[PDB]
Amino acid sequence: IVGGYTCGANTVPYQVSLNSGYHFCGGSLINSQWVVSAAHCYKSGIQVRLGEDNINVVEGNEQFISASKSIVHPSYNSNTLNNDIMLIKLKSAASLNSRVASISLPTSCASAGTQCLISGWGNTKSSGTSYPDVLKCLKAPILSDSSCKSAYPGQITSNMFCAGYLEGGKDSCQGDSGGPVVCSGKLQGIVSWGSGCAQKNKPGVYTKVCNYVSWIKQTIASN
Ligand SMILES: NCCc1c[nH]c2ccc(O)cc12
Ligand SMILES: [Ca+2]
């Protein structure tokens, strides 16, 4: 997260870290046994880490649970990032509490202008690299579809939205991939892609979760 703030330990209780020997992606806990992330985060041998603040220190509220199954969306296109969403089933159910909690799925799509919270352990600089150990947070509005398509001509599908600031300076970045965009207590987006981080006229692009609610629910009910 570039230009954000330190969230505070366990203030984003649905945030997960995906670990394959090291943190490589975020995700969101949607019930005691399922995580939603980006399909571009797919790999084998994932351990899901819940209750994390400092990802390099055991602080006492972590639950580490291996993934039993990963399901990339059937229509994911890795070249366009259309349908950039994946579900991960945990080998066992997490223990839910005040610091480990699920985030609800939306019943309706959010409109441009809605303020949302984006969080992750990604790079904090727009040039060069500095990766934080503690969770970073960013408040950003959803942008109009016309401003999003004007920023990325020919690249924005109906399954994507832009959020952030056209002036630059504040954005998600590398390592925030797969993480949540939460607006009014509902999961509306997944950190997906962009042109660099925090660049003028290049806001972050996010997977539009409201379009996938029926796929998520049907998949969870049968796996
Ligand atoms: N807005 C952050 C977009 C994003 C997701 N993954 C990334 C990886 C590298 C990068 O420069 C940018 C990204
Ligand atoms: Ca920790």
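Where a number appears in this text, it was derived from the coordinates with a stated rule and is not lab data. Cβ: placed from backbone, ideal geometry, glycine included. Neighbour counts: every protein chain shown.
Among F64, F24, a tally of other beta-carbon atoms within 10 Å of each Cβ gives an order, fewest to most, of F64, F24.
Per residue, the chain reaches -2000 deg cm²/dmol at 222 nm when only DSSP H runs of four or more residues are counted, each adding -39500 (n - 2.57). Put simply, the C-alpha atoms of the chain give a gyration tensor, and the ellipsoid matching it has half-axes of 25, 20, 15 Å, longest first. Place a point 7 Å from Cα of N223 in the direction of its Cβ. Which residues in the stretch 30-58 have their backbone N less than 17 Å from it? Backbone N within reach: 30-48. Averaging 1/r across all pairs of distinct Cα atoms in the stretch 134-223 and inverting the result yields a Kirkwood radius of 13.7 Å.
Available extension along the chain between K200 and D145 is 18.1 nm, counting 0.36 nm per residue and deducting the alpha carbon span. Here the simple spin-label model places points 7 Å from the Cα toward Cβ, and for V134 and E167 these points are separated by 2.7 nm. Footprinting exposure proxy ranking of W34, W121, fewest other C-beta atoms within 10 angstrom first, gives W34, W121.
Cα extents for the stretch 1-104 along the principal axes, largest to smallest and rounded to whole angstrom: 38, 36, 29.
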